[PDB]
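First the structure, in the form of structure tokens, and then the observations on it.
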Amino acid sequence: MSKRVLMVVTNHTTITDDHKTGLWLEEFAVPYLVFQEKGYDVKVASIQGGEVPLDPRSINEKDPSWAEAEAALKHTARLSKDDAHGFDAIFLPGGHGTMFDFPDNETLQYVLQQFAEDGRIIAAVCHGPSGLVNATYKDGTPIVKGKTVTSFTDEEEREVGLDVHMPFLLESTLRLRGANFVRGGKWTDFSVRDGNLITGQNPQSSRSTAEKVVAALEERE
């Protein structure tokens with residue numbers, strides 16, 4: 001019976017009065033469609049449940065293929081510790097919202113710990129790796145320690161101008177937590193697999209990140 005994928009997205013919108021965010025739509029929609037095409041059972045969750053806010057910079061070029069993804073985001077499940085089991089993979093799309101509601105969320109930390117402990121696939125794109133910054137194995141070892149990873153880069157963050165409003169810088173912090181960070185050109189498709197941990201750099205990496213998940217799941221048929 002089919003592999004099962006848990007997708008978890010942000011519900012955060014606030015940075016300053018002049019700067020709002022949310023989920024970066026493509027980072028959910030393109031993976032969701034890939035997983036649905038493969039026949040996987042996908043559970044769509046968010047930190048809060050309900051209707052997920054989209055980063056306004058991410059809603060202007062919606063693909064006609066994204067209709068079902070978009071609709072799924074209007075009525076998400078609220079992430080639970082129960083979601084720590086029953087799934088072959090977890091996938092964390094980005095958007096700057098994640099920097100504010102993923103890193104310190106105890107439910108998500110608990111879920112990622114169990115996925116890691118259990119040898120399942122953990123994938124994240126762009127700011128999605130924020131969910132990993134304070135996630136650990138049971139023994140306290142950071143999940144990213146000694147692992148090859150990518151994320152939205154500090155250079156990309158400085159270019160967009162929002163580095164000064166981030167609680168921490170994601171690439172910097174992942175390296176500080178013990179990750180071996182790697183990247184490609186700003187705004188190019190770059191993703192990496194290190195065993196069970198798969199990461200992508202930016203919106204342009206959404207598809208390749210998802211395809212790495214598919215390949216890892218295909219191995220475990």
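Convention: chains lettered A, B, ... in structure tokens order; per-chain residue numbering from 1; ligands numbered from 1 as shown.
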**Message:** For the structure I just gave you, how does DSSP split region 48-97 of chain A - specifically, which residues are helix (DSSP H, G or I)? Reply as a PyMOL selection string.
**Reply:** chain A and resi 56-58+64-72+81-84
Please produce a file of those selected residues containing N, CA, C and O atoms, as a PDB file, in the first residue's frame.
```
ATOM      1  N   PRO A  56       2.866  37.136  -0.019  1.00  0.00           N
ATOM      2  CA  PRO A  56       2.339  37.847  -1.161  1.00  0.00           C
ATOM      3  C   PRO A  56       3.242  37.859  -2.352  1.00  0.00           C
ATOM      4  O   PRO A  56       2.734  37.960  -3.464  1.00  0.00           O
ATOM      5  N   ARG A  57       4.541  37.710  -2.191  1.00  0.00           N
ATOM      6  CA  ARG A  57       5.417  37.681  -3.357  1.00  0.00           C
ATOM      7  C   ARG A  57       5.342  36.343  -4.109  1.00  0.00           C
ATOM      8  O   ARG A  57       5.932  36.172  -5.162  1.00  0.00           O
ATOM      9  N   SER A  58       4.600  35.373  -3.554  1.00  0.00           N
ATOM     10  CA  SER A  58       4.587  34.015  -4.093  1.00  0.00           C
ATOM     11  C   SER A  58       3.271  33.621  -4.787  1.00  0.00           C
ATOM     12  O   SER A  58       3.156  32.515  -5.308  1.00  0.00           O
ATOM     13  N   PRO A  64      -1.798  26.595 -13.507  1.00  0.00           N
ATOM     14  CA  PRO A  64      -3.093  25.922 -13.516  1.00  0.00           C
ATOM     15  C   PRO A  64      -3.119  24.554 -12.884  1.00  0.00           C
ATOM     16  O   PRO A  64      -4.094  24.191 -12.258  1.00  0.00           O
ATOM     17  N   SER A  65      -1.999  23.868 -12.868  1.00  0.00           N
ATOM     18  CA  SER A  65      -1.913  22.564 -12.256  1.00  0.00           C
ATOM     19  C   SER A  65      -2.058  22.613 -10.752  1.00  0.00           C
ATOM     20  O   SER A  65      -2.251  21.564 -10.124  1.00  0.00           O
ATOM     21  N   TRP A  66      -1.857  23.753 -10.102  1.00  0.00           N
ATOM     22  CA  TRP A  66      -1.882  23.893  -8.641  1.00  0.00           C
ATOM     23  C   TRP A  66      -3.250  24.018  -7.963  1.00  0.00           C
ATOM     24  O   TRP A  66      -3.345  24.199  -6.747  1.00  0.00           O
ATOM     25  N   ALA A  67      -4.314  23.871  -8.741  1.00  0.00           N
ATOM     26  CA  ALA A  67      -5.657  24.094  -8.220  1.00  0.00           C
ATOM     27  C   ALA A  67      -5.929  23.247  -6.951  1.00  0.00           C
ATOM     28  O   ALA A  67      -6.417  23.754  -5.951  1.00  0.00           O
ATOM     29  N   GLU A  68      -5.637  21.957  -7.005  1.00  0.00           N
ATOM     30  CA  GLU A  68      -5.915  21.117  -5.858  1.00  0.00           C
ATOM     31  C   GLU A  68      -5.003  21.430  -4.666  1.00  0.00           C
ATOM     32  O   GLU A  68      -5.390  21.380  -3.498  1.00  0.00           O
ATOM     33  N   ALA A  69      -3.743  21.754  -4.918  1.00  0.00           N
ATOM     34  CA  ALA A  69      -2.836  22.187  -3.844  1.00  0.00           C
ATOM     35  C   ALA A  69      -3.327  23.422  -3.152  1.00  0.00           C
ATOM     36  O   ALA A  69      -3.329  23.488  -1.916  1.00  0.00           O
ATOM     37  N   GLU A  70      -3.761  24.397  -3.918  1.00  0.00           N
ATOM     38  CA  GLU A  70      -4.235  25.617  -3.355  1.00  0.00           C
ATOM     39  C   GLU A  70      -5.406  25.403  -2.474  1.00  0.00           C
ATOM     40  O   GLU A  70      -5.558  26.022  -1.392  1.00  0.00           O
ATOM     41  N   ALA A  71      -6.326  24.549  -2.920  1.00  0.00           N
ATOM     42  CA  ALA A  71      -7.474  24.220  -2.119  1.00  0.00           C
ATOM     43  C   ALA A  71      -7.157  23.484  -0.865  1.00  0.00           C
ATOM     44  O   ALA A  71      -7.772  23.764   0.192  1.00  0.00           O
ATOM     45  N   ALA A  72      -6.207  22.556  -0.896  1.00  0.00           N
ATOM     46  CA  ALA A  72      -5.789  21.860   0.293  1.00  0.00           C
ATOM     47  C   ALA A  72      -5.318  22.794   1.395  1.00  0.00           C
ATOM     48  O   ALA A  72      -5.525  22.525   2.574  1.00  0.00           O
ATOM     49  N   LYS A  81       1.606  15.679  17.777  1.00  0.00           N
ATOM     50  CA  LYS A  81       2.610  14.635  18.045  1.00  0.00           C
ATOM     51  C   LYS A  81       2.223  13.269  17.484  1.00  0.00           C
ATOM     52  O   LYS A  81       3.096  12.485  17.136  1.00  0.00           O
ATOM     53  N   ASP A  82       0.929  13.041  17.257  1.00  0.00           N
ATOM     54  CA  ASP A  82       0.464  11.818  16.580  1.00  0.00           C
ATOM     55  C   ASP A  82       1.060  11.681  15.158  1.00  0.00           C
ATOM     56  O   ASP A  82       1.225  10.609  14.615  1.00  0.00           O
ATOM     57  N   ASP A  83       1.334  12.818  14.528  1.00  0.00           N
ATOM     58  CA  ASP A  83       1.952  12.833  13.170  1.00  0.00           C
ATOM     59  C   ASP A  83       3.402  12.416  13.134  1.00  0.00           C
ATOM     60  O   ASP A  83       4.001  12.328  12.051  1.00  0.00           O
ATOM     61  N   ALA A  84       3.971  12.094  14.331  1.00  0.00           N
ATOM     62  CA  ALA A  84       5.335  11.601  14.402  1.00  0.00           C
ATOM     63  C   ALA A  84       5.480  10.209  13.862  1.00  0.00           C
ATOM     64  O   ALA A  84       6.597   9.811  13.547  1.00  0.00           O
TER      65      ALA A  84
END
```
**Message:** With only C-alpha atoms as the counted atoms, please give the residues lying no more than 10 Å from residue 205 (chain A), apart from itself and same-chain residues fewer than 2 positions off, as a ChimeraX atom specification.
**Reply:** /A:26-27,30,125-126,151,187-192,199-203,207-210
Serialized selection, N, CA and C atoms, as a PDB file, in the first residue's frame:
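And here is the file that came out, result.pdb:
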```
ATOM      1  N   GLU A  26       4.770  27.971  -4.196  1.00  0.00           N
ATOM      2  CA  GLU A  26       5.311  26.967  -5.086  1.00  0.00           C
ATOM      3  C   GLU A  26       5.965  25.842  -4.311  1.00  0.00           C
ATOM      4  N   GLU A  27       6.589  26.174  -3.201  1.00  0.00           N
ATOM      5  CA  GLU A  27       7.327  25.199  -2.411  1.00  0.00           C
ATOM      6  C   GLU A  27       6.462  24.120  -1.795  1.00  0.00           C
ATOM      7  N   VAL A  30       4.289  22.539  -5.893  1.00  0.00           N
ATOM      8  CA  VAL A  30       4.991  21.688  -6.836  1.00  0.00           C
ATOM      9  C   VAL A  30       5.277  20.308  -6.193  1.00  0.00           C
ATOM     10  N   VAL A 125      12.725  22.714   1.979  1.00  0.00           N
ATOM     11  CA  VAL A 125      13.190  23.638   0.947  1.00  0.00           C
ATOM     12  C   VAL A 125      13.204  25.093   1.415  1.00  0.00           C
ATOM     13  N   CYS A 126      14.250  25.839   1.034  1.00  0.00           N
ATOM     14  CA  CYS A 126      14.357  27.323   1.175  1.00  0.00           C
ATOM     15  C   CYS A 126      14.467  27.708   2.645  1.00  0.00           C
ATOM     16  N   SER A 151      20.080  25.473   2.142  1.00  0.00           N
ATOM     17  CA  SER A 151      18.919  26.270   2.532  1.00  0.00           C
ATOM     18  C   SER A 151      19.009  27.569   1.798  1.00  0.00           C
ATOM     19  N   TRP A 187      19.353  31.832  -6.444  1.00  0.00           N
ATOM     20  CA  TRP A 187      18.164  31.664  -7.290  1.00  0.00           C
ATOM     21  C   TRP A 187      18.253  30.612  -8.380  1.00  0.00           C
ATOM     22  N   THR A 188      19.173  29.655  -8.258  1.00  0.00           N
ATOM     23  CA  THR A 188      19.211  28.511  -9.148  1.00  0.00           C
ATOM     24  C   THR A 188      18.754  27.236  -8.446  1.00  0.00           C
ATOM     25  N   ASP A 189      18.323  26.259  -9.234  1.00  0.00           N
ATOM     26  CA  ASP A 189      17.879  24.983  -8.726  1.00  0.00           C
ATOM     27  C   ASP A 189      19.087  24.272  -8.171  1.00  0.00           C
ATOM     28  N   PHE A 190      19.084  24.097  -6.875  1.00  0.00           N
ATOM     29  CA  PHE A 190      20.081  23.355  -6.173  1.00  0.00           C
ATOM     30  C   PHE A 190      19.440  22.583  -5.026  1.00  0.00           C
ATOM     31  N   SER A 191      19.576  21.266  -5.047  1.00  0.00           N
ATOM     32  CA  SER A 191      19.165  20.469  -3.913  1.00  0.00           C
ATOM     33  C   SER A 191      20.140  19.351  -3.633  1.00  0.00           C
ATOM     34  N   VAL A 192      20.085  18.843  -2.411  1.00  0.00           N
ATOM     35  CA  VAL A 192      21.061  17.860  -1.970  1.00  0.00           C
ATOM     36  C   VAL A 192      20.436  16.755  -1.197  1.00  0.00           C
ATOM     37  N   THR A 199      17.469  18.463   1.162  1.00  0.00           N
ATOM     38  CA  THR A 199      17.213  19.882   1.286  1.00  0.00           C
ATOM     39  C   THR A 199      17.373  20.556  -0.033  1.00  0.00           C
ATOM     40  N   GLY A 200      16.671  21.679  -0.181  1.00  0.00           N
ATOM     41  CA  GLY A 200      16.675  22.488  -1.404  1.00  0.00           C
ATOM     42  C   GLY A 200      16.884  23.946  -1.024  1.00  0.00           C
ATOM     43  N   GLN A 201      17.471  24.726  -1.916  1.00  0.00           N
ATOM     44  CA  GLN A 201      17.937  26.082  -1.590  1.00  0.00           C
ATOM     45  C   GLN A 201      16.897  27.190  -1.692  1.00  0.00           C
ATOM     46  N   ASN A 202      16.003  27.093  -2.654  1.00  0.00           N
ATOM     47  CA  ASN A 202      15.139  28.215  -2.981  1.00  0.00           C
ATOM     48  C   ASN A 202      13.905  27.744  -3.780  1.00  0.00           C
ATOM     49  N   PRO A 203      13.015  28.652  -4.178  1.00  0.00           N
ATOM     50  CA  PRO A 203      11.786  28.212  -4.839  1.00  0.00           C
ATOM     51  C   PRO A 203      12.051  27.411  -6.072  1.00  0.00           C
ATOM     52  N   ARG A 207      10.971  21.389  -7.200  1.00  0.00           N
ATOM     53  CA  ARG A 207      10.792  20.184  -7.922  1.00  0.00           C
ATOM     54  C   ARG A 207      11.883  19.134  -7.687  1.00  0.00           C
ATOM     55  N   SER A 208      13.141  19.561  -7.713  1.00  0.00           N
ATOM     56  CA  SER A 208      14.251  18.640  -7.572  1.00  0.00           C
ATOM     57  C   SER A 208      14.294  18.057  -6.183  1.00  0.00           C
ATOM     58  N   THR A 209      13.899  18.857  -5.200  1.00  0.00           N
ATOM     59  CA  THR A 209      13.834  18.375  -3.821  1.00  0.00           C
ATOM     60  C   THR A 209      12.798  17.286  -3.745  1.00  0.00           C
ATOM     61  N   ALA A 210      11.624  17.542  -4.276  1.00  0.00           N
ATOM     62  CA  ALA A 210      10.571  16.534  -4.291  1.00  0.00           C
ATOM     63  C   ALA A 210      10.989  15.265  -5.020  1.00  0.00           C
TER      64      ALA A 210
END
```
**Message:** Need the shell around residue 91 (chain A): protein/DNA/RNA residues with any atom at most 8 Å away, counting only C-alpha atoms. Skip same-chain ones fewer than 3 positions apart. Format as a list in words?
**Reply:** residues 5, 6, 7, 8, 122, 123 and 124 of chain A
**Prompt:** In terms of the shortest atom-to-atom distance over only C-alpha atoms, which of A:87, A:168, A:28, A:40 is closest to residue 54 (chain A)?
**Reply:** A:28
If we count only C-alpha atoms and set the cut-off at 9 Å, which residues sit around residue 148 (chain A), ignoring sequence neighbours fewer than 6 positions away in its own chain? Please answer as a CSV table (one decimal) with C-alpha atoms, in the first residue's frame.
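Result written to selection-v6.csv:
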```csv
chain,number,residue,atom,x,y,z
A,179,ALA,CA,26.0,21.1,9.3
A,180,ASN,CA,28.3,21.0,6.2
A,181,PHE,CA,26.6,23.6,4.2
A,182,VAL,CA,26.6,23.7,0.4
A,192,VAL,CA,21.1,17.9,-2.0
A,193,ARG,CA,20.6,14.4,-0.6
A,194,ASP,CA,22.7,13.2,2.3
A,197,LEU,CA,18.0,14.2,4.8
A,198,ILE,CA,17.1,16.1,1.6
A,199,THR,CA,17.2,19.9,1.3
```
**Complete:** Between CA of residue 170 (chain A) and CA of residue 103 (chain A) lies a distance of 10.1 Å
**Request:** Record the distance separating CA of residue 46 (chain A) and CA of residue 135 (chain A), expressed in Å with one decimal.
**Result:**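 Pair CA of residue 46 (chain A) / CA of residue 135 (chain A) returns 17.3 Å.
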**Prompt:** Which parts of region 9-132 of chain A does DSSP call strand (DSSP E or B) when run on the backbone here, written out as a list in words?
**Reply:** residues 9, 14, 15, 16, 19, 20, 23, 41, 42, 43, 44, 45, 46, 50, 54, 76, 77, 78, 89, 90, 91, 92, 121, 122, 123, 124 and 125 of chain A
**Request:** Just give me the gap between CA of residue 147 (chain A) and CA of residue 106 (chain A) in Å, one decimal is fine.
**Result:**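 Computed distance, CA of residue 147 (chain A) to CA of residue 106 (chain A), equals 22.3 Å.
The smallest atom-to-atom distance between residue 213 (chain A) and any of A:138, A:38, A:175, A:20, using only C-alpha atoms, is found for A:38.
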If you count only C-alpha atoms, which residues fall within 12 Å of residue 219 (chain A), apart from same-chain ones fewer than 6 positions away, as a PDB file with C-alpha atoms, in the first residue's frame?
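Okay, this is what ended up in result31.pdb:
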```
ATOM      1  CA  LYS A   3       3.812   5.511   0.759  1.00  0.00           C
ATOM      2  CA  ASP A  88       7.471   7.496   5.255  1.00  0.00           C
ATOM      3  CA  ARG A 120      12.544   8.106   7.633  1.00  0.00           C
ATOM      4  CA  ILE A 121      13.019  10.765   5.009  1.00  0.00           C
ATOM      5  CA  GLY A 195      21.219   9.799   3.135  1.00  0.00           C
ATOM      6  CA  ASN A 196      17.783  10.396   4.607  1.00  0.00           C
ATOM      7  CA  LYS A 212      14.851  13.268  -4.413  1.00  0.00           C
ATOM      8  CA  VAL A 213      12.110  12.301  -1.929  1.00  0.00           C
TER       9      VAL A 213
END
```
**Message:** Quick one: residues within 7 Å of residue 53 (chain A), only C-alpha atoms, excluding same-chain residues fewer than 2 positions away - as an MDAnalysis selection string?
**Reply:** chainID A and resid 11 13 22:23 51 55
**Message:** Quick one: residues within 12 Å of residue 139 (chain A), only C-alpha atoms, excluding same-chain residues fewer than 3 positions away - as a ChimeraX atom specification?
**Reply:** /A:113-114,116-117,135-136,142-143
